[PDB]
Amino acid sequence: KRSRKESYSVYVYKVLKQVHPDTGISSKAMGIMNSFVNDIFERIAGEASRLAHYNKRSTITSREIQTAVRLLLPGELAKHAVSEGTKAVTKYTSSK
Amino acid sequence: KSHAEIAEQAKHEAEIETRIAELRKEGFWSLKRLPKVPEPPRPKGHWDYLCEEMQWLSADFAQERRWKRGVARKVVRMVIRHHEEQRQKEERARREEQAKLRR
Amino acid sequence: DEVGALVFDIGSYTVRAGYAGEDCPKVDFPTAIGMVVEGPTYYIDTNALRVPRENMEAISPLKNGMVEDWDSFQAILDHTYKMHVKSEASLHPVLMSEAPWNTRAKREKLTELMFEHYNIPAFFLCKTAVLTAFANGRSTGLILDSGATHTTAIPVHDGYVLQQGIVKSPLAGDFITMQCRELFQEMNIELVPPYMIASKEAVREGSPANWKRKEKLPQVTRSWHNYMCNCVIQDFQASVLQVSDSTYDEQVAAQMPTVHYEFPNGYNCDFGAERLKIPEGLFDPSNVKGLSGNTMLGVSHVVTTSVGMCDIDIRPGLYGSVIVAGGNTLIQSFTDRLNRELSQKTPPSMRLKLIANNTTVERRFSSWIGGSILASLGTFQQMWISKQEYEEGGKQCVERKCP
Amino acid sequence: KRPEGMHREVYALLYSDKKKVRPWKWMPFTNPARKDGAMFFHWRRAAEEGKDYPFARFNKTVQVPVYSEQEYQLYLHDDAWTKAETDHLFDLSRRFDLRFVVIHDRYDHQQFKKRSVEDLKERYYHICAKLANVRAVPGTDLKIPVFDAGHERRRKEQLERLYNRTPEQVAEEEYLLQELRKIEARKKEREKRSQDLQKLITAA
Amino acid sequence: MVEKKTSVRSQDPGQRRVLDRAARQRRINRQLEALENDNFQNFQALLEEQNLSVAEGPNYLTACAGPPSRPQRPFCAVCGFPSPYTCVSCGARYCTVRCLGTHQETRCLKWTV
Amino acid sequence: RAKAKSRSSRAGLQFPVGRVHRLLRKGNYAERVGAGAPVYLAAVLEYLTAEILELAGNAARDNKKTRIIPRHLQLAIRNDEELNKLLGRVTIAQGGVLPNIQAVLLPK
Ligand SMILES: Nc1ncnc2c1ncn2[C@@H]1O[C@H](COP(=O)(O)OP(=O)(O)OP(=O)(O)O)[C@@H](O)[C@H]1O
């Protein structure tokens, strides 16, 4: 009897408040900020999906995720995304 | 409408009557809340600092108690895992013997 | 802020002692200690206290939550200082709990006794309600404490007790103990305290016990025997009793499940509706044979009366911050029943909220926990009654200092 | 041959896409915020043993005026209050930081006649007002709206009737509540609608 | 426990996009007016009555000396000592590696908005 | 048991790795997801979110506004050379366009 619908608003304001302490974000702009996240999530996951299936694989992996980020994001966009993720996977498997 | 509404409306007129009666009896609402409060608040105050600091320290105490109970429980679980690994040791020896048969 | 200092919570049924800033007390032991007039000799650790003894007194120094036997009280504090804390009292400041209705003479006598006999560096005497409020993280709230001797509702507003709002009722753990006595007698149960049994064998449900009595037992006195039997009764209270989730209904209580139980000698049986009827007397004393009278207030009514005696401006805070304590509140469905009745009888203009503590340590030793947190703040280190306050102002300083 | 030697996931991602000598000590310390010189003990490092306490700033005493005997006698005099009756109020004010829900409860009703909260508040406030009035001329803001006790005695009261209303006024009032809409709709949806229809039928 | 800054990851300069040329001027100008600014850390009225005072005759506006013959000297701006170096991005000057570090962490690119 | 640590926290992300991996676990994007895919995907997702929020806020400040409107998004994603590419076939609601007036359609 509630009908709760999920969204990314809580983490786009953490990241925004951190990367712009004085700047807010309107509700309508956060809707765009949410749709953007869902769109890129769809794109990267779909490309990793196809990547795994091309090599006759039943599992989408972070290696396939990195290659899909190499395919999706343009040159710099890619480099930064790949570096950020790569460094986030060595900070996570080191039990920090 | 209908002329019969005379009755319905008359009942509503009675609702007015009771309304009036009840408004004479006790009233519908606590009207005119805090019209006049001239007392100035303290700067912040020693007692308020005590309340604030205990507000923090009670949450800190609760977090510490919760955390240490959880820590104790997961040490129990970790030692349980270590003991069943100290039986998987015997299983690993038996499996190595089976591997020796296969070799 | 936190200094080597001792927190004492002296309840009518048990005493808790420990250091500042601990999650739990260092020791807890029965307040109803044992004594023989040998000066007199005392026993407090339950291992020496449960010995059947050539003579016995079971003296119980406190009357209605207040000190009356200062000699046995001094003996208790001595034994606590050198059996569990094991430290020189002149080193550590002392924070100690008291009943909200304790008189000024008792406060002053305790102050001078603490400074003369125990040579302590500093002192702070605080009321169980405020300590319980601090333990539960609030500066304002209605503190309900259902202890052994009396069930009491005490409003704390901005850290201070409202004397005009205190409401007290004898419906408490001792009254439950009396109800258990009566129920056992009406069930013709052979209650035997644990010290008497040498050995025993199993018996069927409802059949008398099959046990051997120890041969070395001396002629123990009535008071200590009563104490031991009451201990078994309070174990039964933990084991069997349960409050009806709503008003007691004989038909519903007949439909409710039984609980199986065994007494120390081996007698064992199922308890049914009766185990729900006994605690009902805490919430509606009208249906309590032998205790007829409309002057008695039950737990929920104690609460509503206590809040109703305060200013209407602070009633919203009190109802929005009902803090519940005392061992009797550990009875199954006690808090649910209390919440239900208070939801029924709290005026709609105000929010009702009960703080959600549930652990034995929480419910019972909230006062000690309050001492533990309170003794661990810098803003509190200036509130001490120092030995200098006593040497200059005398025994009366405790009246001029903290309420 | 594959160098690897590191975590599987990180390795694949990276290659597949090429003396303390600071002794704490148990230490005596005096709190400069205290006037009794009481020495307490504390757990401080070695490098700060001797610094002043950092919790003495949390000591902002609530301000309360202190009338003198002569001053009280001249202006603070009140036929319904005696000096023994008035000094007690200010002592409780200070010891309870000028809060009047806790000053009341501890009032000495044995030597002292019973007072409500409002009368105590008004009394202390007239005392503060006249204390500042003794000054007045030194820009002592003679614009103080000292707590209204009359209207406020009422305002306390006419909440109490609404506090304890078992049903009806808490329950049955819903009806009158709805009536607030009805009484505010159907009358104009009556006498006004009639007048409009009379004009409409007049032109018709 | 953790290094406890990867959560906020403020700068993450894979896309840094330096600020330069006219932006430097803006910063310079800002600093100048800040040094010319007032208590808060009527000026509009001053500017208005100054724009009433515009003319070619000897007046407030025409009483400005101008550029100096003796050329501008370098100073460090972190400790104020003579500064052999310039910051490649914003053009502000400094005298050590340490000073460049502090400048990069607090004053380089961060206050150009 | 042990105090539970999330997956956004251990890695050091703001975007929900639990929720991301979750959409993946019951998203049929694959058949058996590993233990790095959601982390990488969330990291890059939120990286692009930050990348854009940056340009959007900067343009907003250029407009002397403290709240990012969709305009501060059209202007941005079209102002940056690679964001435009990535979001080339994406229309931002209530964003507008950039005032690119052809040179030949000007006063002469
Ligand atoms: N686990 C339990 N379940 C139910 N009732 C219990 C339980 N433990 C104790 N009691 C009841 O609580 C009573 C003791 O309560 P408690 O220990 O809180 O009192 P106290 O601290 O001595 O009280 P006070 O501070 O008011 O003097 C016992 O007599 C028994 O009736």
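Heads up, residue numbers simply count up from 1 along the chain you see.
Placement of Cβ uses the backbone N, Cα and C atoms for every residue, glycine included.
Features of the protein shown, as given by Swiss-Prot:
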- E:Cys76, E:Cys79, E:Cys95, E:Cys99: Zn(2+) 1 binding site (BINDING)
- E:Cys87, E:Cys90, E:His103, E:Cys108: Zn(2+) 2 binding site (BINDING)
- E:23-39: coiled coil (COILED)
- E:14-23: compositional bias 'Basic and acidic residues' (COMPBIAS)
- E:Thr62: phosphothreonine (MOD_RES)
- E:76-108: zinc finger (ZN_FING)
Beyond the site residues E:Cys76, E:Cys79, E:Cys95, E:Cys99: chain residues whose C-beta lies within 8 Å of the centroid, for Zn(2+) 1: E:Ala77, E:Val78, E:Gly80, E:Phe81, E:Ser83, E:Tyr94, E:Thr96
Intrachain residues whose Cβ lies under 8 Å of the zinc finger (E:76-108), provided they are six or more past its termini: 18-20, 23-24, 27
Helix, strand and coil counts within the compositional bias 'Basic and acidic residues' (E:14-23) (DSSP): 2 helix, 0 strand, 8 coil
Local Cβ density at E:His103 (Zn(2+) 2 binding site) - other Cβ atoms counted within 10 Å: 21
Extra residues within 8 Å (Cβ to Cβ centroid of E:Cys87, E:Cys90, E:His103, E:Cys108), Zn(2+) 2: E:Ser89, E:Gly91, E:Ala92, E:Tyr94, E:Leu100, E:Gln104, E:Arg107, E:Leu109
Secondary structure composition of the zinc finger (E:76-108) [DSSP: H/G/I, E/B, coil]: 10 helix, 4 strand, 19 coil
By Cα-Cα distance, the member of recorded positions E:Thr62, E:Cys87, E:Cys90, E:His103, E:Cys108 nearest E:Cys79 (Zn(2+) 1 binding site): E:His103
E:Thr62 (phosphothreonine) CB neighbourhood, other CB atoms within 10 A: 11
Cβ-Cβ distance under 8 Å to E:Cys99 (Zn(2+) 1 binding site), same chain, at least six residues away: E:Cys76, E:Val78, E:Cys79, E:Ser83
Cα-to-Cα gap, E:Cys95 (Zn(2+) 1 binding site) vs E:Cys108 (Zn(2+) 2 binding site), nearest whole Å: 15
Cβ-Cβ neighbours of E:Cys90 (Zn(2+) 2 binding site) (radius 10 Å): 22
In three-state DSSP terms, the structure that E:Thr62 (phosphothreonine) belongs to: helix
Cβ packing number for E:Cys87 (Zn(2+) 2 binding site), 10 Å threshold: 19
Among E:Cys76, E:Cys79, E:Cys95 [binding-site residues], residue with fewest other Cβ within 10 Å: E:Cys79
Number of other Cβ atoms within 10 Å of the Cβ of E:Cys108 (Zn(2+) 2 binding site) across all protein chains: 19
